[PDB]
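To keep things clear, I will list the structure first and then write my remarks on it.
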Amino acid sequence: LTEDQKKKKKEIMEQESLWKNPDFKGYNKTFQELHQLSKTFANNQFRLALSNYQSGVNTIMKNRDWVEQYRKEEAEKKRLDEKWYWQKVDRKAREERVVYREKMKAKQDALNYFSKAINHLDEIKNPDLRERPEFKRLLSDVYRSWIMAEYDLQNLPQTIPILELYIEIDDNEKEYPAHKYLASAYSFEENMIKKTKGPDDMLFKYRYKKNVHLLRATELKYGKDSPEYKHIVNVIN
Amino acid sequence: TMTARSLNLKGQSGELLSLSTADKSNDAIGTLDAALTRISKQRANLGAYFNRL
Amino acid sequence: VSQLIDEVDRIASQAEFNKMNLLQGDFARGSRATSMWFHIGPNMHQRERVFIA
């Protein structure tokens, strides 16, 4: 490969890791680095913004622990009224909706905290401070967890304004997952217009934006005028 | 169904005032079984259809 | 028989109530597992699900 392709391979793997579903090792790593930003920045409103973000992520992490425990407790019940196929599926349908609805509540509590993290960053008014890598990386991590919290529950239209705000920050536009999620969420919205028989202007708007971020994600991961790019070029025509 | 449902044989070997004759007597008999079979099956199909309705 | 078999597949396919399909293979899951929950008591955790295919 070229020196740029080798570098690119390394970077795409780092970006995929960056957007990894949360776990305990990533939690620790994240709060090491987000605190590293608190170190240089020395700003009480940034500290408060991070304190709220961390409370939001803790909501998510505590929920993941709840979901395993709940499923465990259900599995460990003796199911003597389960002699039918429908009754097994019934109890499955009980599990899935209780788990999904509990995750929906955890999502709101996490987003109320993320909203507070943003409201505190909004109070940093000095443009010399808002342009700091410390300000931008925290704002990026708040948006990323926000995007993922909604994405997991299939709330894809809601991810668009946050992905768009995300890619505007400090070269986030060069992140392959950011364009992959934008393209997928736009695809969903295109499909909604096709299923609900909505207006053509919105059909084409959503289709266009899907193709822009499909093409850009492809360009970023494989390189422009690669067999993989050239393929997307002809399809978008 | 129409007359062309079976081998629609007219006339018979020998001298006629027509321009048609039947075929092998044994097959002509077999043909009428075929005629009856083809229509009986169609009626049975209708019978079955009625029972469906 | 063949048509009676097809009629079965059609009953299962089109047997709707309130636009929900109650017999075809949308059980134990379709695009979603969402199925026939009835809320029987006035409070939460007083619930039942029905499935069939």
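Letters for chains follow the order of the structure tokens (A, B, ...), residue numbers begin at 1 for each chain, and ligand numbers begin at 1 in the order shown.
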Per residue of chain C within 9 Å of chain B, what are the shortest atom pair and its distance in Å to one decimal, counting only C-alpha atoms, with rows by chain and residue number, as CSV?
```
residue,atom,partner,partner_atom,distance
C:1,CA,B:48,CA,8.8
C:3,CA,B:52,CA,8.3
C:4,CA,B:52,CA,7.2
C:7,CA,B:52,CA,8.8
```
Compute the chain C side of the contact with chain A at 7 Å, counting only C-alpha atoms, and hand it back as an MDAnalysis selection string.
chainID C and resid 28 33 49:52
Would you export the selected residues with N, CA, C and O atoms as a short mmCIF file (atom, residue, chain, number, x, y, z; two decimals), in the first residue's frame, please?
```
data_model
loop_
_atom_site.label_atom_id
_atom_site.label_comp_id
_atom_site.auth_asym_id
_atom_site.auth_seq_id
_atom_site.Cartn_x
_atom_site.Cartn_y
_atom_site.Cartn_z
N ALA C 28 -43.21 -15.61 15.35
CA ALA C 28 -43.10 -15.05 16.69
C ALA C 28 -42.57 -13.63 16.57
O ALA C 28 -42.37 -12.92 17.55
N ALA C 33 -41.43 -7.58 16.94
CA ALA C 33 -42.09 -8.66 17.69
C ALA C 33 -43.42 -8.21 18.30
O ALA C 33 -44.13 -8.99 18.94
N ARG C 49 -49.68 -11.34 26.60
CA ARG C 49 -49.49 -11.40 25.13
C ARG C 49 -50.00 -12.69 24.48
O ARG C 49 -49.80 -13.78 25.02
N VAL C 50 -50.61 -12.56 23.30
CA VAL C 50 -51.05 -13.71 22.52
C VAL C 50 -50.33 -13.81 21.18
O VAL C 50 -50.11 -12.81 20.49
N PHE C 51 -49.93 -15.01 20.84
CA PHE C 51 -49.27 -15.20 19.57
C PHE C 51 -49.90 -16.40 18.90
O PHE C 51 -50.42 -17.29 19.58
N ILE C 52 -49.87 -16.45 17.57
CA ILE C 52 -50.37 -17.61 16.85
C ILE C 52 -49.91 -17.64 15.40
O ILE C 52 -49.85 -16.60 14.76
#
```
So what do you get for atom CA of residue 59 of chain A versus atom CA of residue 112 of chain A, distance-wise?
10.6 Å
What's around residue 22 of chain C at 10 Å? Count only C-alpha atoms, leave out sequence neighbours fewer than 2 positions away in its own chain, and write the answer as an MDAnalysis selection string.
chainID C and resid 11:20 24:27 35:36 50:53
Residues at most 12 Å from residue 23 of chain B, counting only C-alpha atoms, excluding those fewer than 4 positions away in the same chain, as a list in words?
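The residues that qualify are residues 7, 8, 9, 10, 11, 12, 13, 14, 27, 28, 29, 30, 31 and 32 of chain B.
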Near-segment 26-33 of chain A list (12 Å; only C-alpha atoms; drop same-chain fewer than 5 positions) as a PyMOL selection string:
chain A and resi 17-21+38-40+50-51+53-58+60-62+133-134+137-138+140-142+144-145
Residues of chain B in helix (DSSP H, G or I), written as number ranges by chain
B: 25-52
Give me the residues within 12 Å of residue 38 of chain B as a PyMOL selection string, counting only C-alpha atoms and dropping any in the same chain fewer than 5 places off.
chain B and resi 1-7+31-33+43-45
Can you tell me, as a list in words, what residues are no more than 9 Å from residue 71 of chain A when counting only C-alpha atoms, ignoring any on the same chain fewer than 4 positions away?
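Everything that qualifies: residues 66, 67, 75, 76, 95 and 99 of chain A.
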One number please: atom CA of residue 131 of chain A to atom CA of residue 116 of chain A, in Å, one decimal.
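Distance reported for this atom pair: 20.0 Å.
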